[PDB]
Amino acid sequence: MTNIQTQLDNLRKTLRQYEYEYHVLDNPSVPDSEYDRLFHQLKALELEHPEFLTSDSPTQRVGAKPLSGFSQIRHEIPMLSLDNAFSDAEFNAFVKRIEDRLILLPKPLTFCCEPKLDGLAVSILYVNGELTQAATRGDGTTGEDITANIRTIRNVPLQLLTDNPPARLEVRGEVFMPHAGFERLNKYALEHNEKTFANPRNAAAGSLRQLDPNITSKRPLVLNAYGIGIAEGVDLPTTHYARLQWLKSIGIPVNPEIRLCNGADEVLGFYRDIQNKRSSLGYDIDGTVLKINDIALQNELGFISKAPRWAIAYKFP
């Protein structure tokens, strides 16, 4: 035991807890000036005692050397994409088909509803609570290694807030750029004879394709997790909403507008509410993502790949 090691462990625990409050809860217990006091005190002490430096310390988000290119990662579980609807009647048909296809339809058919973020889908692996790798969705089978870029994201924890993390946990989420950060970036880009971005999605896509993490760190990117891939050494909740509350509870950022609706009429009320809130959110959205809440009914319904919307195989009983 040494005073320095004890000092470094205390600083790291305190900074991680403040980052959770500020980023995931949006309720910081201390001023930003206090968070920075502790942060650069930790950065100073680590440099004075390099033997006690850890790769997952709050001060190690930026890889000091750029990459040459991105490697290819084949996902163990395929990253899915969503099918779409453009009207209340088309949504009501998607529901009616599910009611007919399900063996047993529950009294209230519960849906977990959320705004559809206009971002980029990513997969982030935590091995024993430590961020080891991150990849883009790509084609759903193969993506690109973006580990160094994802580590730079301020609301992405380098380690999970839990004393008993899963052996392996893969978080799937959207990386986007809020309106305020996009406006700063363009003001800076135009007043430095640099490339301006048409919209925040192009700004987010361009930031994640940077080979130098030092640039990526100066791009105000944000993550909101929507789902889990690999999950080993854990009993995941049996409803989709409970899984998102569980990710939130172990340090993962999730969207605050997520609600549970019973049946198509309540789901349509959510779509209308989110449509009227569009101008006030502070980030871009394309619509609403509506899922069946019960995980057993999801497993029963399954997935499609790669099938036309103009053909169906009516199978014999």
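Heads up, when I say rigid core I mean the largest set of C-alphas that superpose within 1.5 Å between the two forms. So that there is no doubt, residue numbering starts at 1 and follows the sequence shown.
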> in 6 other deposited structures of this protein, superposed on the rigid core, which stretch sits farther off in Cα RMS terms, 240-248 or 77-85?
Replying inline: 77-85
> Following superposition on the rigid core, is the mean squared CA displacement, expressed as RMS, greater for 156-164 or for 187-195 in 6 other deposited structures of this protein?
Replying inline: 187-195
> Which is higher in the entry, the mean Cα B factor of 167-175 or that of 138-146?
Replying inline: 138-146
>> Comparing average C-alpha B factors as deposited, tell me which of 305-313 and 6-14 sits higher.
In response: 305-313
> Out of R272, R259, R61, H40, which one has a C-alpha B factor higher than all the others in the entry?
Replying inline: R272
> Which one of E130, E114, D83, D100 shows the biggest C-alpha B-factor in the PDB entry?
Replying inline: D100
>> Where does the C-alpha B-factor of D265 rank in its chain, lowest, middle or highest third?
In response: highest
> Within this chain, which third does the Cα B-factor at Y126 fall in: lowest, middle or highest?
Replying inline: lowest
> Among the chain's modelled residues, which third holds the C-alpha B-factor of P108?
Replying inline: highest
> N199's Cα B-factor: lowest, middle or highest third of the chain?
Replying inline: middle
> Based on the entry's values, in what third of the chain does the Cα temperature factor of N186 lie: lowest, middle or highest?
Replying inline: highest
